[PDB]
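Visitor: I am attaching a structure below and will ask some questions about it afterwards.
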Amino acid sequence: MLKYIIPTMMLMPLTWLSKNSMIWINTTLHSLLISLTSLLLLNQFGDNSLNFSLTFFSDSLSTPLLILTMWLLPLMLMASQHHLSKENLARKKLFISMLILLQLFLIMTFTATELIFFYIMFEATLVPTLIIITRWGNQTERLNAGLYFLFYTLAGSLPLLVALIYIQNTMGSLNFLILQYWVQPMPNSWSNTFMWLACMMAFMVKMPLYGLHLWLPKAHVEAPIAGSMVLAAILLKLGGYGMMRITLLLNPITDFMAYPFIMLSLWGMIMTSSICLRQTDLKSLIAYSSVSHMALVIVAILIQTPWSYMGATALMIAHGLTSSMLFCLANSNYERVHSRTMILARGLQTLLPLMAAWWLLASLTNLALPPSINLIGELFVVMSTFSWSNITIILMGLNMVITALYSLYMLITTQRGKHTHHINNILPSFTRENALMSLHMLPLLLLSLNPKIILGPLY
Amino acid sequence: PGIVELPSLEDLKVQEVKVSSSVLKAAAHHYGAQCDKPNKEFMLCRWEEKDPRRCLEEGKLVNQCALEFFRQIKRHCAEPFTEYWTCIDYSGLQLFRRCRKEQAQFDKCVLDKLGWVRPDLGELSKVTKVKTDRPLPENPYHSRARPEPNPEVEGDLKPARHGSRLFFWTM
Ligand SMILES: CCCCCCCCCCCCCCCCCC(=O)OC[C@H](COP(=O)([O-])OC[C@H](O)COP(=O)([O-])OC[C@H](COC(=O)CCCCCCCCCCCCCCCCC)OC(=O)CCCCCCCCCCCCCCCCC)OC(=O)CCCCCCCCCCCCCCCCC
Ligand SMILES: CCCCCCCCCCCCCCCCCC(=O)OC[C@H](COP(=O)([O-])OC[C@H](O)COP(=O)([O-])OC[C@H](COC(=O)CCCCCCCCCCCCCCCCC)OC(=O)CCCCCCCCCCCCCCCCC)OC(=O)CCCCCCCCCCCCCCCCC
């Protein structure tokens, strides 16, 4: 994986040796070249993962996450170069360096052959994220947003560390390729119970779990746009990725200890969608929608069936693209009206017709319109959870009601109705912003033609 | 533990040299010269055995030969010796230097009538060799078997197997 780590590292001289005005263009061009290079990870096989070295490998699970991760960086560079137009050149290079460093930590988080290197990169992704949120945020509450984001996560993960080191003393290796073949049944005891809780609660925090989700409506509305894109797009999927790596070790104790977490997620996807029905803040509405969607991935991992894992990985990739597009649309309003109030700028289809088309398409992919990979992941999770218990379709179907009722209401409040009279700085849509919308949406529509590359290790 | 083994009281009875300390110190150089051999056999047995219960017969030889010394003084030169140890016995620190004329009379009478030379300065402090027939004590400290030591380091130092093996570090 060293043909992706070295160009990402070499983006640091490419952003610190550039001209004082060329630094967005150079980093955009070379991050797009790395994103085009990211398709060489698709040498996958039906039995054996693409195993590079002792340090790095990539199956069909980490490969769509890597393609999405290396694709997100040019999109974050395009989104972040408007509010950083008056910024100091040194601080501008610092922001681009934090984006590059976070990309590096993510692309060698998903490719960790050994699980403590996964933990080190998985908790190394906090630091550039924390610096981005607390430094280039906008409001007063970004500082508290750096605390709840941090001290929830470590509260989940500093147990996990200990549990991982226990396996290092017990099995002798945290290699995932060894632990496929040395895995032992984890019986019913209190020691193994808290072993399970230590292995799972860190990723329960970063999904987020309902009840533990309280960091996320604070961390999305207080970050800049590149921070919100990297949280909703990638940094919520470290939890699902880590769960799919770590529940191999946790059997058969998953089949009786994961009951309350399934209950929490099946009720939290109802509760956070209900919260999305009453959010006065647009960016908060997208944050609570992200909690509502990741609850399905939590349920699909905790029932551990093949249809559930395929739906969960399709839903993770689809939600990454869709939530990144919705935060960029909220940014496109926020850069003109300078307020995140959803009721403030109304009737914007009269003023921005093509941007209202992009809002329409992003809201249709939020409500899982077929044949999008949103609907493919949603549908496969609903199939597997109907197989799990026949009653859960109620909690699925009711959710699929409310998931529409905030996807279009967010459309009807911001884009439809009579336009707000006392707002007149609604500029036409920039080519940067429309390019950003199309680079989010056009891969999300092209993956409908070929979904088999985003359906996990067990397609 | 075990019973301590003490000799009986009749094993410790011997004709003691029943004289005072100034009688001894006044005759001390001639006693160190003439009674050399059983005294050195005894002090050899006393430092080699490191047990007074294994040194009783040499102590009886010492207590016999000292009496033979004082008898051989008593047969010939009892009165110059008596006046000399009386002069030595007067002083509190028992100085030899206060009583050199009685020392000269005692040394002259001893040299004439017995043929004894007083040892000069330095001679009685010598370390002398002793010809005894008793064996060397093979275990004077009554020790036991020392524990076997740990096995040492040997063999050619090969490089480490697969590096450090610290969680993921391949070197
Ligand atoms: C490998 C090559 C593959 C090539 C094939 C393409 C594959 C899919 C790629 C993307 C396709 C959609 C792109 C258009 C929408 C986005 C842009 C936009 O706003 O357009 C309006 C604009 C036209 O409007 P305008 O008057 O000029 O100005 C804007 C208007 O004022 C204001 O706008 P408006 O109000 O007029 O427009 C709103 C209107 C509103 O109408 C709708 O939203 C109705 C459509 C959705 C609901 C009903 C259909 C549900 C699904 C059934 C159909 C699919 C399956 C059918 C097959 C049989 C059954 C299985 O939307 C449309 O008219 C868009 C029609 C297409 C919608 C596709 C579905 C998106 C819905 C959400 C996801 C649904 C599931 C996934 C679907 C995946 C399909 C492959 O379009 C353009 O100018 C087009 C520009 C070029 C677009 C290129 C797209 C492909 C790029 C890929 C590049 C790489 C590969 C190379 C191939 C290149 C091919 C050319
Ligand atoms: C004819 C006689 C002469 C022949 C000459 C032949 C050589 C000519 C060229 C000589 C120059 C050296 C070139 C590199 C040699 C290969 C080293 C390598 O790539 O190891 C891959 C190494 C393991 O991969 P592999 O596939 O198992 O083995 C491939 C080789 O065969 C690895 O082979 P190995 O098994 O022998 O490797 C031993 C072991 C293999 O590694 C392991 O066992 C894995 C554990 C390593 C430590 C992981 C720590 C994780 C937690 C901390 C992370 C910190 C943040 C990450 C960096 C953020 C930015 C600072 O590595 C270590 O123990 C060393 C620690 C890592 C240092 C690597 C060398 C860097 C030199 C240049 C420094 C520039 C800054 C680099 C970034 C700073 C941090 C490294 O990859 C990593 O550990 C991931 C990080 C990437 C490595 C460093 C990339 C170097 C090139 C950067 C260019 C761009 C720089 C831009 C500015 C600086 C950044 C802001």
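Letters for chains follow the order of the structure tokens (A, B, ...), residue numbers begin at 1 for each chain, and ligand numbers begin at 1 in the order shown.
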Pull out every residue of chain A that has at least one atom within 12 Å of chain B, counting only C-alpha atoms, and report them as a PyMOL selection string.

Guide: chain A and resi 53-56+112-120+164-169+172-176

Visitor: Could those residues be written to a file, using N, CA and C atoms, as a PDB file, in the first residue's frame?

Guide:
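What ended up in selection05.pdb:
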ATOM      1  N   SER A  53       1.662  -7.018   1.995  1.00  0.00           N
ATOM      2  CA  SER A  53       2.880  -7.185   2.771  1.00  0.00           C
ATOM      3  C   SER A  53       2.506  -7.616   4.181  1.00  0.00           C
ATOM      4  N   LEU A  54       3.506  -7.666   5.059  1.00  0.00           N
ATOM      5  CA  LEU A  54       3.255  -7.953   6.463  1.00  0.00           C
ATOM      6  C   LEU A  54       2.503  -6.825   7.149  1.00  0.00           C
ATOM      7  N   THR A  55       2.608  -5.605   6.634  1.00  0.00           N
ATOM      8  CA  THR A  55       2.030  -4.433   7.264  1.00  0.00           C
ATOM      9  C   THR A  55       0.672  -4.071   6.682  1.00  0.00           C
ATOM     10  N   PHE A  56       0.475  -4.257   5.377  1.00  0.00           N
ATOM     11  CA  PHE A  56      -0.706  -3.741   4.702  1.00  0.00           C
ATOM     12  C   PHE A  56      -1.375  -4.797   3.833  1.00  0.00           C
ATOM     13  N   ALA A 112      -4.645  -1.752   7.708  1.00  0.00           N
ATOM     14  CA  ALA A 112      -3.800  -2.342   8.734  1.00  0.00           C
ATOM     15  C   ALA A 112      -4.014  -3.847   8.787  1.00  0.00           C
ATOM     16  N   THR A 113      -2.947  -4.586   8.493  1.00  0.00           N
ATOM     17  CA  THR A 113      -2.947  -6.033   8.629  1.00  0.00           C
ATOM     18  C   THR A 113      -3.084  -6.438  10.092  1.00  0.00           C
ATOM     19  N   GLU A 114      -2.495  -5.662  10.992  1.00  0.00           N
ATOM     20  CA  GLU A 114      -2.457  -5.972  12.410  1.00  0.00           C
ATOM     21  C   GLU A 114      -3.260  -4.940  13.191  1.00  0.00           C
ATOM     22  N   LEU A 115      -4.010  -5.412  14.187  1.00  0.00           N
ATOM     23  CA  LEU A 115      -5.058  -4.611  14.805  1.00  0.00           C
ATOM     24  C   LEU A 115      -4.553  -3.540  15.765  1.00  0.00           C
ATOM     25  N   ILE A 116      -3.332  -3.639  16.296  1.00  0.00           N
ATOM     26  CA  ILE A 116      -2.895  -2.526  17.131  1.00  0.00           C
ATOM     27  C   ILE A 116      -2.376  -1.387  16.262  1.00  0.00           C
ATOM     28  N   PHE A 117      -1.917  -1.675  15.043  1.00  0.00           N
ATOM     29  CA  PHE A 117      -1.599  -0.604  14.109  1.00  0.00           C
ATOM     30  C   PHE A 117      -2.875   0.058  13.623  1.00  0.00           C
ATOM     31  N   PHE A 118      -3.929  -0.746  13.457  1.00  0.00           N
ATOM     32  CA  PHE A 118      -5.271  -0.224  13.240  1.00  0.00           C
ATOM     33  C   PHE A 118      -5.709   0.685  14.372  1.00  0.00           C
ATOM     34  N   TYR A 119      -5.439   0.298  15.623  1.00  0.00           N
ATOM     35  CA  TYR A 119      -5.811   1.145  16.753  1.00  0.00           C
ATOM     36  C   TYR A 119      -5.017   2.443  16.768  1.00  0.00           C
ATOM     37  N   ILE A 120      -3.719   2.369  16.471  1.00  0.00           N
ATOM     38  CA  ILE A 120      -2.866   3.552  16.520  1.00  0.00           C
ATOM     39  C   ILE A 120      -3.267   4.556  15.447  1.00  0.00           C
ATOM     40  N   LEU A 164      -7.263  -5.281  23.096  1.00  0.00           N
ATOM     41  CA  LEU A 164      -6.446  -5.715  21.971  1.00  0.00           C
ATOM     42  C   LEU A 164      -5.128  -6.285  22.456  1.00  0.00           C
ATOM     43  N   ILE A 165      -4.550  -5.671  23.494  1.00  0.00           N
ATOM     44  CA  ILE A 165      -3.271  -6.153  23.991  1.00  0.00           C
ATOM     45  C   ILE A 165      -3.470  -7.482  24.696  1.00  0.00           C
ATOM     46  N   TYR A 166      -4.678  -7.711  25.236  1.00  0.00           N
ATOM     47  CA  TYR A 166      -5.000  -9.011  25.810  1.00  0.00           C
ATOM     48  C   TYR A 166      -4.915 -10.102  24.755  1.00  0.00           C
ATOM     49  N   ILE A 167      -5.395  -9.807  23.542  1.00  0.00           N
ATOM     50  CA  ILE A 167      -5.322 -10.782  22.464  1.00  0.00           C
ATOM     51  C   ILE A 167      -3.878 -10.980  22.040  1.00  0.00           C
ATOM     52  N   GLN A 168      -3.070  -9.914  22.124  1.00  0.00           N
ATOM     53  CA  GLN A 168      -1.646 -10.009  21.829  1.00  0.00           C
ATOM     54  C   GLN A 168      -0.945 -10.939  22.806  1.00  0.00           C
ATOM     55  N   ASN A 169      -1.464 -11.045  24.027  1.00  0.00           N
ATOM     56  CA  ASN A 169      -0.905 -11.980  24.982  1.00  0.00           C
ATOM     57  C   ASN A 169      -1.553 -13.347  24.892  1.00  0.00           C
ATOM     58  N   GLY A 172      -1.323 -14.423  20.574  1.00  0.00           N
ATOM     59  CA  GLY A 172       0.037 -14.218  20.144  1.00  0.00           C
ATOM     60  C   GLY A 172       0.190 -13.268  18.981  1.00  0.00           C
ATOM     61  N   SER A 173      -0.911 -12.873  18.345  1.00  0.00           N
ATOM     62  CA  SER A 173      -0.842 -12.013  17.175  1.00  0.00           C
ATOM     63  C   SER A 173      -2.175 -11.312  16.982  1.00  0.00           C
ATOM     64  N   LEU A 174      -2.115 -10.020  16.673  1.00  0.00           N
ATOM     65  CA  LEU A 174      -3.291  -9.267  16.271  1.00  0.00           C
ATOM     66  C   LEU A 174      -3.405  -9.144  14.763  1.00  0.00           C
ATOM     67  N   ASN A 175      -2.678  -9.973  14.022  1.00  0.00           N
ATOM     68  CA  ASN A 175      -2.857 -10.049  12.580  1.00  0.00           C
ATOM     69  C   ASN A 175      -4.242 -10.585  12.267  1.00  0.00           C
ATOM     70  N   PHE A 176      -4.973  -9.842  11.434  1.00  0.00           N
ATOM     71  CA  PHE A 176      -6.290 -10.289  11.008  1.00  0.00           C
ATOM     72  C   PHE A 176      -6.201 -11.512  10.108  1.00  0.00           C
TER      73      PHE A 176
END

Visitor: Give me, as a ChimeraX atom specification, the residues of range 17-163 of chain B that a backbone DSSP run labels helix (DSSP H, G or I).

Guide: /B:21-26,28-34,36-49,52-54,56-76,78-90,100-113

Visitor: Counting only C-alpha atoms and all ligand atoms, which protein, DNA or RNA residues come within 10 Å of ligand 1, given as JSON, numbers by chain?

Guide: {"A": [349, 352, 353, 354, 355, 356, 357, 358, 359, 360, 361, 362, 363, 364, 365, 366, 367, 368, 369, 370, 371, 372, 373, 374, 375, 376, 434, 437, 438, 439, 441, 442, 443, 444, 445, 446, 447, 448, 449, 450]}

Visitor: Please dump the current selection as a PDB file, in the first residue's frame; keep C-alpha atoms.

Guide:
ATOM      1  CA  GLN A 349     -35.735  27.044  -6.435  1.00  0.00           C
ATOM      2  CA  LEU A 352     -31.058  28.770  -7.836  1.00  0.00           C
ATOM      3  CA  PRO A 353     -32.672  26.239 -10.193  1.00  0.00           C
ATOM      4  CA  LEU A 354     -29.677  23.976 -10.887  1.00  0.00           C
ATOM      5  CA  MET A 355     -28.750  24.014  -7.211  1.00  0.00           C
ATOM      6  CA  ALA A 356     -32.351  23.043  -6.465  1.00  0.00           C
ATOM      7  CA  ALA A 357     -31.860  20.133  -8.865  1.00  0.00           C
ATOM      8  CA  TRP A 358     -28.807  19.102  -6.835  1.00  0.00           C
ATOM      9  CA  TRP A 359     -30.801  19.461  -3.594  1.00  0.00           C
ATOM     10  CA  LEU A 360     -33.517  17.300  -5.158  1.00  0.00           C
ATOM     11  CA  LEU A 361     -31.091  14.550  -6.157  1.00  0.00           C
ATOM     12  CA  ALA A 362     -29.303  14.558  -2.790  1.00  0.00           C
ATOM     13  CA  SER A 363     -32.642  14.375  -0.971  1.00  0.00           C
ATOM     14  CA  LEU A 364     -33.772  11.516  -3.219  1.00  0.00           C
ATOM     15  CA  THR A 365     -30.596   9.646  -2.374  1.00  0.00           C
ATOM     16  CA  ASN A 366     -31.246  10.446   1.290  1.00  0.00           C
ATOM     17  CA  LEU A 367     -34.707   8.838   1.098  1.00  0.00           C
ATOM     18  CA  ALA A 368     -33.139   5.773  -0.636  1.00  0.00           C
ATOM     19  CA  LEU A 369     -34.548   6.055  -4.115  1.00  0.00           C
ATOM     20  CA  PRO A 370     -33.965   2.887  -6.165  1.00  0.00           C
ATOM     21  CA  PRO A 371     -31.757   1.774  -7.805  1.00  0.00           C
ATOM     22  CA  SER A 372     -29.213   3.805  -5.834  1.00  0.00           C
ATOM     23  CA  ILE A 373     -26.661   2.114  -3.612  1.00  0.00           C
ATOM     24  CA  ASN A 374     -28.451   3.902  -0.765  1.00  0.00           C
ATOM     25  CA  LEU A 375     -31.504   1.779  -1.529  1.00  0.00           C
ATOM     26  CA  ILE A 376     -29.333  -1.292  -2.154  1.00  0.00           C
ATOM     27  CA  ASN A 434     -21.749  22.966  -8.948  1.00  0.00           C
ATOM     28  CA  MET A 437     -22.214  18.832  -6.296  1.00  0.00           C
ATOM     29  CA  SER A 438     -21.559  16.859  -9.470  1.00  0.00           C
ATOM     30  CA  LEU A 439     -18.425  15.201  -8.073  1.00  0.00           C
ATOM     31  CA  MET A 441     -23.546  12.917  -7.088  1.00  0.00           C
ATOM     32  CA  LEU A 442     -22.221  11.476 -10.369  1.00  0.00           C
ATOM     33  CA  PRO A 443     -20.202   8.668  -8.697  1.00  0.00           C
ATOM     34  CA  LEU A 444     -23.228   8.007  -6.465  1.00  0.00           C
ATOM     35  CA  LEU A 445     -25.291   7.504  -9.627  1.00  0.00           C
ATOM     36  CA  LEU A 446     -22.609   5.583 -11.527  1.00  0.00           C
ATOM     37  CA  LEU A 447     -22.303   3.076  -8.666  1.00  0.00           C
ATOM     38  CA  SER A 448     -25.936   2.143  -9.362  1.00  0.00           C
ATOM     39  CA  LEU A 449     -24.772   0.627 -12.661  1.00  0.00           C
ATOM     40  CA  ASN A 450     -22.100  -1.493 -10.942  1.00  0.00           C
TER      41      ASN A 450
END

Visitor: Quick one: residues within 12 Å of residue 72 in chain B, only C-alpha atoms counted, chain neighbours fewer than 3 positions away excluded, as a list in words?

Guide: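 The residues satisfying every condition are residues 27, 30, 31, 34, 35, 65, 66, 67, 68, 69, 75, 76, 77, 78, 81, 110, 113, 114, 115 and 116 of chain B.
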
Visitor: Kindly export the residues of the current selection with N, CA, C and O atoms, as a PDB file, in the first residue's frame.

Guide:
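Output below, filename again-v1.pdb:
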ATOM      1  N   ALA B  27      58.725 -12.952  82.717  1.00  0.00           N
ATOM      2  CA  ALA B  27      59.377 -14.091  82.092  1.00  0.00           C
ATOM      3  C   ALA B  27      58.905 -14.324  80.669  1.00  0.00           C
ATOM      4  O   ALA B  27      59.093 -15.420  80.144  1.00  0.00           O
ATOM      5  N   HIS B  30      61.628 -15.048  77.558  1.00  0.00           N
ATOM      6  CA  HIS B  30      62.223 -16.370  77.710  1.00  0.00           C
ATOM      7  C   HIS B  30      61.183 -17.473  77.561  1.00  0.00           C
ATOM      8  O   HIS B  30      61.507 -18.561  77.076  1.00  0.00           O
ATOM      9  N   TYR B  31      59.933 -17.203  77.946  1.00  0.00           N
ATOM     10  CA  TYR B  31      58.856 -18.165  77.733  1.00  0.00           C
ATOM     11  C   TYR B  31      58.512 -18.300  76.259  1.00  0.00           C
ATOM     12  O   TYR B  31      58.172 -19.391  75.795  1.00  0.00           O
ATOM     13  N   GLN B  34      61.745 -20.376  74.819  1.00  0.00           N
ATOM     14  CA  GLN B  34      61.950 -21.759  75.234  1.00  0.00           C
ATOM     15  C   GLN B  34      60.723 -22.632  75.018  1.00  0.00           C
ATOM     16  O   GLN B  34      60.864 -23.820  74.713  1.00  0.00           O
ATOM     17  N   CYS B  35      59.525 -22.076  75.170  1.00  0.00           N
ATOM     18  CA  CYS B  35      58.282 -22.826  75.008  1.00  0.00           C
ATOM     19  C   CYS B  35      57.657 -22.556  73.653  1.00  0.00           C
ATOM     20  O   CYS B  35      56.443 -22.390  73.540  1.00  0.00           O
ATOM     21  N   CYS B  65      54.033 -27.394  79.544  1.00  0.00           N
ATOM     22  CA  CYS B  65      55.343 -26.862  79.194  1.00  0.00           C
ATOM     23  C   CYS B  65      55.602 -25.514  79.854  1.00  0.00           C
ATOM     24  O   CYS B  65      56.756 -25.192  80.165  1.00  0.00           O
ATOM     25  N   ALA B  66      54.545 -24.733  80.106  1.00  0.00           N
ATOM     26  CA  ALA B  66      54.709 -23.493  80.858  1.00  0.00           C
ATOM     27  C   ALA B  66      55.141 -23.771  82.291  1.00  0.00           C
ATOM     28  O   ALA B  66      56.005 -23.073  82.838  1.00  0.00           O
ATOM     29  N   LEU B  67      54.577 -24.814  82.899  1.00  0.00           N
ATOM     30  CA  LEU B  67      54.993 -25.201  84.240  1.00  0.00           C
ATOM     31  C   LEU B  67      56.415 -25.728  84.247  1.00  0.00           C
ATOM     32  O   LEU B  67      57.148 -25.504  85.211  1.00  0.00           O
ATOM     33  N   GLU B  68      56.819 -26.429  83.184  1.00  0.00           N
ATOM     34  CA  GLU B  68      58.201 -26.900  83.089  1.00  0.00           C
ATOM     35  C   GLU B  68      59.172 -25.728  82.993  1.00  0.00           C
ATOM     36  O   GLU B  68      60.250 -25.748  83.603  1.00  0.00           O
ATOM     37  N   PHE B  69      58.768 -24.682  82.268  1.00  0.00           N
ATOM     38  CA  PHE B  69      59.531 -23.439  82.196  1.00  0.00           C
ATOM     39  C   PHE B  69      59.695 -22.792  83.567  1.00  0.00           C
ATOM     40  O   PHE B  69      60.812 -22.436  83.972  1.00  0.00           O
ATOM     41  N   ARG B  75      64.241 -23.933  89.919  1.00  0.00           N
ATOM     42  CA  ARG B  75      65.350 -24.763  90.382  1.00  0.00           C
ATOM     43  C   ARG B  75      66.652 -23.979  90.486  1.00  0.00           C
ATOM     44  O   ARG B  75      67.461 -24.250  91.378  1.00  0.00           O
ATOM     45  N   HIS B  76      66.863 -23.000  89.610  1.00  0.00           N
ATOM     46  CA  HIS B  76      68.139 -22.306  89.520  1.00  0.00           C
ATOM     47  C   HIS B  76      68.087 -20.864  89.993  1.00  0.00           C
ATOM     48  O   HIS B  76      68.857 -20.475  90.874  1.00  0.00           O
ATOM     49  N   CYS B  77      67.189 -20.057  89.437  1.00  0.00           N
ATOM     50  CA  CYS B  77      67.276 -18.611  89.584  1.00  0.00           C
ATOM     51  C   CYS B  77      66.004 -18.017  90.166  1.00  0.00           C
ATOM     52  O   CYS B  77      65.476 -17.033  89.640  1.00  0.00           O
ATOM     53  N   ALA B  78      65.518 -18.602  91.263  1.00  0.00           N
ATOM     54  CA  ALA B  78      64.244 -18.183  91.833  1.00  0.00           C
ATOM     55  C   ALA B  78      64.325 -16.789  92.445  1.00  0.00           C
ATOM     56  O   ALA B  78      63.361 -16.023  92.366  1.00  0.00           O
ATOM     57  N   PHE B  81      64.742 -13.845  89.740  1.00  0.00           N
ATOM     58  CA  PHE B  81      63.438 -13.784  89.090  1.00  0.00           C
ATOM     59  C   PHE B  81      62.384 -13.180  90.000  1.00  0.00           C
ATOM     60  O   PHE B  81      61.549 -12.398  89.539  1.00  0.00           O
ATOM     61  N   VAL B 110      70.082 -16.292  84.168  1.00  0.00           N
ATOM     62  CA  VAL B 110      69.463 -17.274  83.286  1.00  0.00           C
ATOM     63  C   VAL B 110      70.434 -17.731  82.202  1.00  0.00           C
ATOM     64  O   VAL B 110      70.529 -18.930  81.909  1.00  0.00           O
ATOM     65  N   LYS B 113      73.272 -19.952  84.147  1.00  0.00           N
ATOM     66  CA  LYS B 113      72.903 -21.218  84.760  1.00  0.00           C
ATOM     67  C   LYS B 113      72.002 -22.085  83.893  1.00  0.00           C
ATOM     68  O   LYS B 113      71.865 -23.280  84.176  1.00  0.00           O
ATOM     69  N   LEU B 114      71.385 -21.532  82.852  1.00  0.00           N
ATOM     70  CA  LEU B 114      70.493 -22.310  81.999  1.00  0.00           C
ATOM     71  C   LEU B 114      70.807 -22.229  80.516  1.00  0.00           C
ATOM     72  O   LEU B 114      70.347 -23.098  79.767  1.00  0.00           O
ATOM     73  N   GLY B 115      71.561 -21.234  80.062  1.00  0.00           N
ATOM     74  CA  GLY B 115      71.879 -21.128  78.651  1.00  0.00           C
ATOM     75  C   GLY B 115      70.712 -20.686  77.798  1.00  0.00           C
ATOM     76  O   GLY B 115      70.443 -21.299  76.757  1.00  0.00           O
ATOM     77  N   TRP B 116      70.004 -19.646  78.218  1.00  0.00           N
ATOM     78  CA  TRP B 116      68.884 -19.101  77.470  1.00  0.00           C
ATOM     79  C   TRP B 116      69.231 -17.695  77.014  1.00  0.00           C
ATOM     80  O   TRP B 116      69.804 -16.912  77.778  1.00  0.00           O
TER      81      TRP B 116
END

Visitor: Would you tabulate, counting only C-alpha atoms and all ligand atoms, all residues of chain A that have an atom at most 8 Å from an atom of ligand 2, showing the closest pair of atoms and their distance in Å to one decimal, sorted by chain then ascending number, as CSV?

Guide:
residue,atom,partner,partner_atom_place_in_ligand_line,distance
A:1,CA,ligand 2,26 (O),6.6
A:2,CA,ligand 2,26 (O),6.1
A:5,CA,ligand 2,86 (C),5.9
A:6,CA,ligand 2,93 (C),4.8
A:7,CA,ligand 2,94 (C),6.7
A:8,CA,ligand 2,94 (C),7.6
A:9,CA,ligand 2,96 (C),4.5
A:10,CA,ligand 2,96 (C),4.3
A:11,CA,ligand 2,96 (C),7.2
A:12,CA,ligand 2,100 (C),5.5
A:13,CA,ligand 2,97 (C),6.3
A:52,CA,ligand 2,26 (O),6.9
A:53,CA,ligand 2,26 (O),5.0
A:54,CA,ligand 2,27 (O),5.2
A:55,CA,ligand 2,27 (O),4.4
A:56,CA,ligand 2,26 (O),6.2
A:101,CA,ligand 2,58 (C),6.4
A:104,CA,ligand 2,58 (C),7.2
A:105,CA,ligand 2,56 (C),7.1
A:108,CA,ligand 2,84 (C),7.4
A:117,CA,ligand 2,50 (C),6.7
A:120,CA,ligand 2,51 (C),6.3
A:121,CA,ligand 2,51 (C),6.9
A:124,CA,ligand 2,53 (C),8.0

Visitor: May I have the residues within 9 Å of residue 283 in chain A as a PyMOL selection string, using only C-alpha atoms and disregarding those fewer than 3 positions away in the same chain?

Guide: chain A and resi 217+220-221+286-288+326-327+330-331+340-342

Visitor: Keeping only C-alpha atoms, take the residues you just selected and write them out as a PDB file, in the first residue's frame.

Guide:
ATOM      1  CA  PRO A 217     -24.560  17.111  16.393  1.00  0.00           C
ATOM      2  CA  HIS A 220     -20.719  18.571  12.651  1.00  0.00           C
ATOM      3  CA  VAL A 221     -22.197  22.041  13.160  1.00  0.00           C
ATOM      4  CA  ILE A 286     -27.959  16.324   8.491  1.00  0.00           C
ATOM      5  CA  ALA A 287     -26.022  15.245  11.617  1.00  0.00           C
ATOM      6  CA  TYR A 288     -29.030  13.540  13.216  1.00  0.00           C
ATOM      7  CA  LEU A 326     -25.820  17.382   1.968  1.00  0.00           C
ATOM      8  CA  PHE A 327     -23.206  19.164   4.085  1.00  0.00           C
ATOM      9  CA  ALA A 330     -25.824  23.406   3.592  1.00  0.00           C
ATOM     10  CA  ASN A 331     -22.441  25.089   3.090  1.00  0.00           C
ATOM     11  CA  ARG A 340     -27.430  27.874   9.417  1.00  0.00           C
ATOM     12  CA  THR A 341     -31.118  28.502  10.170  1.00  0.00           C
ATOM     13  CA  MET A 342     -33.191  26.247   7.924  1.00  0.00           C
TER      14      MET A 342
END

Visitor: For range 80-92 of chain A, list every protein, DNA or RNA residue within 7 Å, evaluated using only C-alpha atoms, and leave out those in the same chain fewer than 5 positions away; present the list as an MDAnalysis selection string.

Guide: chainID A and resid 20 225:226

Visitor: Using only C-alpha atoms, find the one residue out of B:14, B:23, B:102, B:74 that sits nearest to residue 62 in chain B.

Guide: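 Between B:14, B:23, B:102, B:74, the residue approaching residue 62 in chain B most closely is B:14.
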
Visitor: Just want the 10 Å neighbourhood of range 246-250 of chain A, counted on only C-alpha atoms, with same-chain residues fewer than 2 positions away dropped. Output as a tab-separated table (two decimals) with C-alpha atoms, in the first residue's frame.

Guide:
chain	number	residue	atom	x	y	z
A	115	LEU	CA	-5.06	-4.61	14.80
A	164	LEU	CA	-6.45	-5.72	21.97
A	167	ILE	CA	-5.32	-10.78	22.46
A	176	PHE	CA	-6.29	-10.29	11.01
A	179	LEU	CA	-6.85	-14.44	13.49
A	180	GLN	CA	-9.05	-15.78	10.70
A	182	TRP	CA	-6.62	-19.04	15.05
A	183	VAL	CA	-10.01	-17.72	16.19
A	184	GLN	CA	-11.46	-19.51	19.19
A	185	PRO	CA	-15.05	-19.57	20.50
A	186	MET	CA	-15.53	-16.87	23.12
A	187	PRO	CA	-17.74	-18.46	25.81
A	192	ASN	CA	-15.51	-12.42	28.09
A	193	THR	CA	-18.53	-10.13	28.50
A	195	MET	CA	-13.93	-8.36	26.68
A	196	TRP	CA	-16.81	-7.93	24.21
A	197	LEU	CA	-17.74	-4.50	25.59
A	199	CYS	CA	-13.85	-4.64	21.81
A	200	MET	CA	-17.09	-2.99	20.70
A	203	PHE	CA	-16.61	1.60	17.49
A	240	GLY	CA	-18.18	-0.01	11.14
A	241	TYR	CA	-14.89	-1.12	9.60
A	242	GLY	CA	-13.46	-1.91	13.02
A	243	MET	CA	-16.61	-3.81	13.99
A	244	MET	CA	-16.43	-5.94	10.86
A	252	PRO	CA	-20.79	-16.79	20.09
A	253	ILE	CA	-20.94	-14.00	22.67
A	254	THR	CA	-22.24	-11.60	19.99
A	255	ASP	CA	-25.38	-13.74	19.78
A	257	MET	CA	-24.58	-9.66	24.31
A	301	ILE	CA	-23.06	-5.69	11.91
A	302	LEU	CA	-24.52	-6.97	15.17
A	304	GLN	CA	-23.70	-10.75	11.45
